[PDB]
Every structure is written in structure tokens, then in C-alpha cells.
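*Asks:* Enclosed is the structure file model-v8.pdb (PDB, C-alpha atoms and all ligand atoms).
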```pdb
ATOM      1  CA  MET A   1      73.258  60.840  42.546
ATOM      2  CA  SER A   2      72.533  61.744  38.923
ATOM      3  CA  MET A   3      69.173  63.134  37.807
ATOM      4  CA  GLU A   4      68.645  62.750  34.059
ATOM      5  CA  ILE A   5      71.782  64.426  32.710
ATOM      6  CA  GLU A   6      73.142  63.296  29.343
ATOM      7  CA  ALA A   7      76.180  65.562  29.015
ATOM      8  CA  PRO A   8      79.219  64.816  26.812
ATOM      9  CA  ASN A   9      81.115  61.542  27.207
ATOM     10  CA  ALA A  10      84.205  62.282  25.115
ATOM     11  CA  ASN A  11      85.404  64.828  27.675
ATOM     12  CA  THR A  12      83.956  63.102  30.739
ATOM     13  CA  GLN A  13      86.042  60.081  29.751
ATOM     14  CA  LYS A  14      89.228  62.038  29.050
ATOM     15  CA  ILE A  15      89.307  63.379  32.609
ATOM     16  CA  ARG A  16      89.058  59.849  33.999
ATOM     17  CA  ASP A  17      91.899  58.785  31.705
ATOM     18  CA  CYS A  18      94.392  61.458  32.759
ATOM     19  CA  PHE A  19      93.093  61.236  36.327
ATOM     20  CA  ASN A  20      93.737  57.530  36.900
ATOM     21  CA  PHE A  21      96.927  58.061  34.898
ATOM     22  CA  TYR A  22      98.717  59.898  37.707
ATOM     23  CA  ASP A  23      96.310  58.808  40.442
ATOM     24  CA  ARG A  24      97.123  55.215  39.494
ATOM     25  CA  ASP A  25      99.038  55.158  42.780
ATOM     26  CA  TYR A  26      95.653  54.569  44.413
ATOM     27  CA  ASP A  27      96.537  56.874  47.305
ATOM     28  CA  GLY A  28      92.972  58.160  47.410
ATOM     29  CA  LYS A  29      94.236  61.729  47.695
ATOM     30  CA  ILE A  30      95.404  64.391  45.243
ATOM     31  CA  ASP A  31      98.128  67.024  45.564
ATOM     32  CA  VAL A  32      98.897  70.251  43.704
ATOM     33  CA  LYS A  33     101.855  68.551  42.024
ATOM     34  CA  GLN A  34      99.930  65.567  40.660
ATOM     35  CA  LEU A  35      97.495  67.853  38.841
ATOM     36  CA  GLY A  36     100.452  69.227  36.905
ATOM     37  CA  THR A  37     102.003  65.798  36.405
ATOM     38  CA  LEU A  38      99.611  65.020  33.551
ATOM     39  CA  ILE A  39     100.125  68.283  31.665
ATOM     40  CA  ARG A  40     103.817  67.815  32.444
ATOM     41  CA  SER A  41     103.865  64.320  30.942
ATOM     42  CA  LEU A  42     102.014  65.066  27.703
ATOM     43  CA  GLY A  43     102.944  68.742  27.683
ATOM     44  CA  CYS A  44      99.439  70.159  27.339
ATOM     45  CA  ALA A  45     100.293  73.639  28.613
ATOM     46  CA  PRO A  46     103.639  75.491  28.467
ATOM     47  CA  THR A  47     103.856  76.396  32.154
ATOM     48  CA  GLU A  48     101.957  75.564  35.343
ATOM     49  CA  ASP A  49     100.747  79.167  35.201
ATOM     50  CA  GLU A  50      98.076  78.082  32.718
ATOM     51  CA  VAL A  51      96.593  75.233  34.755
ATOM     52  CA  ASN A  52      97.107  77.246  37.941
ATOM     53  CA  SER A  53      95.267  80.186  36.378
ATOM     54  CA  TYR A  54      91.997  78.395  35.629
ATOM     55  CA  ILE A  55      92.208  76.255  38.765
ATOM     56  CA  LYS A  56      92.940  79.249  40.994
ATOM     57  CA  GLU A  57      90.015  81.065  39.376
ATOM     58  CA  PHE A  58      87.768  78.176  40.412
ATOM     59  CA  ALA A  59      87.948  79.284  44.046
ATOM     60  CA  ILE A  60      90.959  78.359  46.175
ATOM     61  CA  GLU A  61      93.652  75.732  46.740
ATOM     62  CA  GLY A  62      95.866  74.105  49.352
ATOM     63  CA  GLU A  63      98.534  71.440  49.792
ATOM     64  CA  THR A  64      96.834  68.130  49.006
ATOM     65  CA  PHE A  65      93.520  66.373  49.632
ATOM     66  CA  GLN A  66      91.468  64.996  46.741
ATOM     67  CA  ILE A  67      89.284  67.807  45.402
ATOM     68  CA  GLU A  68      92.282  68.680  43.230
ATOM     69  CA  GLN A  69      90.618  66.399  40.680
ATOM     70  CA  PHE A  70      88.662  69.506  39.684
ATOM     71  CA  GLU A  71      91.784  70.512  37.757
ATOM     72  CA  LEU A  72      91.073  67.813  35.172
ATOM     73  CA  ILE A  73      87.287  68.175  35.251
ATOM     74  CA  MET A  74      87.774  71.832  34.327
ATOM     75  CA  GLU A  75      90.905  71.269  32.240
ATOM     76  CA  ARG A  76      88.828  69.570  29.544
ATOM     77  CA  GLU A  77      86.780  72.774  29.425
ATOM     78  CA  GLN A  78      89.431  75.474  29.811
ATOM     79  CA  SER A  79      91.449  73.564  27.214
ATOM     80  CA  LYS A  80      88.503  73.647  24.809
ATOM     81  CA  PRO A  81      88.491  76.211  21.968
ATOM     82  CA  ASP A  82      87.087  79.662  22.736
ATOM     83  CA  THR A  83      87.369  83.376  21.966
ATOM     84  CA  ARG A  84      90.798  83.173  23.597
ATOM     85  CA  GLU A  85      91.989  81.675  20.310
ATOM     86  CA  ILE A  86      90.332  84.260  18.065
ATOM     87  CA  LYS A  87      88.161  87.356  18.473
ATOM     88  CA  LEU A  88      86.153  87.080  15.253
ATOM     89  CA  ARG A  89      85.477  83.376  15.796
ATOM     90  CA  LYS A  90      83.754  84.489  19.000
ATOM     91  CA  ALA A  91      81.072  86.488  17.191
ATOM     92  CA  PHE A  92      80.559  83.655  14.704
ATOM     93  CA  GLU A  93      80.403  80.914  17.338
ATOM     94  CA  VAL A  94      77.519  82.923  18.795
ATOM     95  CA  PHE A  95      75.455  82.002  15.736
ATOM     96  CA  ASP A  96      77.324  79.294  13.829
ATOM     97  CA  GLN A  97      78.042  76.561  16.375
ATOM     98  CA  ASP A  98      79.834  74.548  13.692
ATOM     99  CA  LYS A  99      82.295  77.441  13.495
ATOM    100  CA  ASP A 100      85.777  75.985  13.975
ATOM    101  CA  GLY A 101      87.883  79.069  13.318
ATOM    102  CA  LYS A 102      87.492  78.589   9.572
ATOM    103  CA  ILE A 103      84.561  78.340   7.161
ATOM    104  CA  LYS A 104      83.666  78.624   3.476
ATOM    105  CA  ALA A 105      82.269  81.707   1.740
ATOM    106  CA  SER A 106      78.710  80.723   2.650
ATOM    107  CA  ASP A 107      79.227  80.334   6.398
ATOM    108  CA  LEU A 108      81.664  83.253   6.267
ATOM    109  CA  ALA A 109      78.951  85.842   5.637
ATOM    110  CA  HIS A 110      76.443  83.610   7.426
ATOM    111  CA  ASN A 111      77.982  83.862  10.895
ATOM    112  CA  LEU A 112      79.530  87.250  10.116
ATOM    113  CA  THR A 113      76.072  88.765  10.584
ATOM    114  CA  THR A 114      76.570  88.009  14.277
ATOM    115  CA  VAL A 115      79.776  90.030  14.596
ATOM    116  CA  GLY A 116      77.729  92.974  13.366
ATOM    117  CA  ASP A 117      80.337  94.168  10.878
ATOM    118  CA  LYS A 118      78.451  93.542   7.635
ATOM    119  CA  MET A 119      81.135  91.844   5.541
ATOM    120  CA  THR A 120      80.334  93.208   2.083
ATOM    121  CA  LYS A 121      82.240  93.358  -1.205
ATOM    122  CA  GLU A 122      84.615  95.609   0.736
ATOM    123  CA  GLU A 123      85.645  93.062   3.367
ATOM    124  CA  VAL A 124      86.215  90.415   0.695
ATOM    125  CA  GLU A 125      87.825  92.957  -1.631
ATOM    126  CA  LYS A 126      90.678  93.488   0.829
ATOM    127  CA  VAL A 127      90.696  89.807   1.792
ATOM    128  CA  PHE A 128      92.108  89.059  -1.659
ATOM    129  CA  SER A 129      94.701  91.791  -1.122
ATOM    130  CA  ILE A 130      96.345  90.591   2.090
ATOM    131  CA  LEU A 131      95.210  86.964   2.246
ATOM    132  CA  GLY A 132      95.580  86.795  -1.524
ATOM    133  CA  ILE A 133      92.413  84.720  -1.792
ATOM    134  CA  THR A 134      89.324  85.294  -3.934
ATOM    135  CA  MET A 135      85.792  85.655  -2.569
ATOM    136  CA  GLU A 136      85.225  81.975  -3.345
ATOM    137  CA  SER A 137      87.860  80.947  -0.801
ATOM    138  CA  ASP A 138      87.205  79.721   2.740
ATOM    139  CA  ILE A 139      88.608  81.783   5.612
ATOM    140  CA  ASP A 140      91.237  80.627   8.104
ATOM    141  CA  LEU A 141      93.524  81.818  10.901
ATOM    142  CA  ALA A 142      95.462  83.896   8.374
ATOM    143  CA  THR A 143      92.209  85.536   7.284
ATOM    144  CA  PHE A 144      91.375  86.810  10.769
ATOM    145  CA  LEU A 145      94.963  88.065  10.922
ATOM    146  CA  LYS A 146      94.789  90.317   7.861
ATOM    147  CA  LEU A 147      91.443  91.531   9.203
ATOM    148  CA  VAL A 148      92.172  92.139  12.886
ATOM    149  CA  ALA A 149      95.470  93.653  11.751
ATOM    150  CA  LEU A 150      93.875  95.851   9.087
ATOM    151  CA  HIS A 151      91.912  97.870  11.644
ATOM    152  CA  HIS A 152      89.352  99.707   9.511
ATOM    153  CA  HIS A 153      85.801 101.046   9.779
ATOM    154  CA  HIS A 154      83.251 103.520   8.419
ATOM    155  CA  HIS A 155      80.062 103.607  10.495
ATOM    156  CA  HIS A 156      80.675 106.269  13.143
TER     157      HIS A 156
HETATM  158 CA    CA A 201      96.974  60.094  43.497
HETATM  159 CA    CA A 202      81.656  76.345  10.286
END
```
Hey, can you dump this file as C-alpha cells for me?
*Replies:*
Amino acid sequence: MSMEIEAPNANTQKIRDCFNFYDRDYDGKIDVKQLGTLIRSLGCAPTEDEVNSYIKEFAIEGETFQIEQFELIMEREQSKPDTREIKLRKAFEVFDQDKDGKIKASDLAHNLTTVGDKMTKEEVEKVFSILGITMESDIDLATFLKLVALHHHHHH
């Protein structure tokens, strides 16, 4: 019984796809093995530990019933991009929603303000040292690497 809830469709649909994929049997029930069948077919995660981690965190589990479907419903979320991928991206995402782990020079210092690091001529100065890219160059995974790896500061 819905109650005026738009919500995303791209993900909501994905779950149904993978769900009916293995549930095609039409048994009406779901086991702990079926939930992994999907990820095992496409190879989403490396080991069941991943899916089991999030799922287990949900609450509890058993042998087989039907509620197992939650695995997919949450999978679409747990699988989504988050701080888990990058630390810096986390601070940016807080302000710049468009943040996708990489942005130009404009958005770079734009979302940076969120991280509370104050990326000045210094930050960029070194960026061209390790990353080997000028200030007029968008940042990427490699960028966060040379940064997180650098490990510097001067505020305390
Ligand atoms: Ca089934
Ligand atoms: Ca962006």
C-alpha cells in the first residue's frame, strides 16, 4: 500500500530483474543460496562474504523462506558508490552531489571546501608533482592517491 512515494526506478527495476532471474523457478520462496546465485552468475562481488556482510548487517538470516529478497533490494544500495570507494570523495559528495570521484578544477575546489582542508596553491602545487598534472587538470582516482598517500598538514 504505497502512499505518494516517487523513489528511483532504475534501481527498483534492477532488483526485480535479478530477482525473477533466479526466482524464475516460481517456487514462491527464497533461500540463502539463491541470493548468491545472481552475484555468482554475473560476478558482482568477489566472495559471498560481501553480500553476506551487508545482508547479515540488516538483522538476521536463516535457511530459506522468501524475505531473502531483501538481499537484492539492499544490494542495489550497498553496491552503489560511497565513501567505501574513496575518503576524499566522501567530503565532496557532502556538498557536490554530482561528485563522481572525479571533477574539474572548478568543482575540485568547490566541493573541497566541504572536506575542510582548504586546497590552496599548495595542494595543487604538489598535485603537479606526483600526479604530474597542472592546476587546470581535472582530478581522478590517481589524484586522491597522491594526496591520501602524501599525508601532510600544517594547522595544528
Ligand atoms: Ca526462487
Ligand atoms: Ca562532479
*Asks:* Within 9 Å of ligand CA 202 (chain A), counting all atoms listed in the file, which protein or nucleic acid residues do you find, written as a ChimeraX atom specification?
*Replies:* /A:92-93,96-104,107-108,111
*Asks:* Find the residue from A:6, A:136, A:123, A:117 that sits nearest to residue 155 (chain A); use all atoms listed in the file when measuring.
*Replies:*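 Nearest to residue 155 (chain A): A:117.
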*Asks:* When the cut-off is 6 Å and you count only C-alpha atoms and all ligand atoms, which residues lie near ligand CA 201 (chain A), shown as a JSON list (two decimals) with C-alpha atoms, in the coordinates of the input?
*Replies:*
```json
[["chain", "number", "residue", "atom", "x", "y", "z"],
["A", 23, "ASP", "CA", 96.31, 58.81, 40.44],
["A", 25, "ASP", "CA", 99.04, 55.16, 42.78],
["A", 26, "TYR", "CA", 95.65, 54.57, 44.41],
["A", 27, "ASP", "CA", 96.54, 56.87, 47.30],
["A", 28, "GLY", "CA", 92.97, 58.16, 47.41],
["A", 29, "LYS", "CA", 94.24, 61.73, 47.70],
["A", 30, "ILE", "CA", 95.40, 64.39, 45.24]]
```
*Asks:* Determine the nearest neighbour of residue 145 (chain A) from the options A:87, A:76, A:33, A:118, counting only C-alpha atoms.
*Replies:*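 Smallest separation from residue 145 (chain A) among the options: A:87.
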*Asks:* I'd like to know which of A:134, A:120, A:47, A:37 is closest to residue 72 (chain A), using only C-alpha atoms.
*Replies:*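 Between A:134, A:120, A:47, A:37, the residue approaching residue 72 (chain A) most closely is A:37.
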*Asks:* Measuring atom to atom with all atoms listed in the file, identify which of A:106, A:13, A:79, A:69 is nearest to residue 35 (chain A).
*Replies:*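 For residue 35 (chain A), the nearest of the candidates is A:69.
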*Asks:* Rounded to one decimal, what separation in Å do you get between CA of residue 10 (chain A) and CA of residue 34 (chain A)?
*Replies:* 22.4 Å
*Asks:* Any idea what the distance is between CA of residue 70 (chain A) and CA of residue 56 (chain A)?
*Replies:*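 About the pair CA of residue 70 (chain A) and CA of residue 56 (chain A): they are 10.7 Å apart.
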*Asks:* I need the residue set behind the PyMOL selection byres (((chain A and resi 71) around 12) and not hetatm) for this file; please write it as a ChimeraX atom specification.
*Replies:* /A:15-16,18-19,30-39,48,50-61,66-70,72-79
*Asks:* Report the centre and edge lengths, in Å to one decimal, of an axis-aligned box enclosing every atom of region 133-151 of chain A listed in the file, padded by 8 Å on each side, as AutoDock Vina command-line options.
*Replies:*
```
--center_x 90.3 --center_y 88.8 --center_z 4.5 --size_x 26.2 --size_y 34.1 --size_z 32.8
```
*Asks:* Determine the nearest neighbour of residue 91 (chain A) from the options A:12, A:115, A:148, A:105, counting only C-alpha atoms.
*Replies:* A:115
*Asks:* Kindly indicate which residue among A:131, A:7, A:141, A:88 lies nearest to residue 119 (chain A), using all atoms listed in the file for the distances.
*Replies:*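 Residue with the minimum atom-to-atom distance to residue 119 (chain A): A:88.
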*Asks:* How many Å lie between CA of residue 5 (chain A) and CA of residue 90 (chain A), rounded to one decimal?
*Replies:*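 Between these atoms lies a distance of 27.1 Å.
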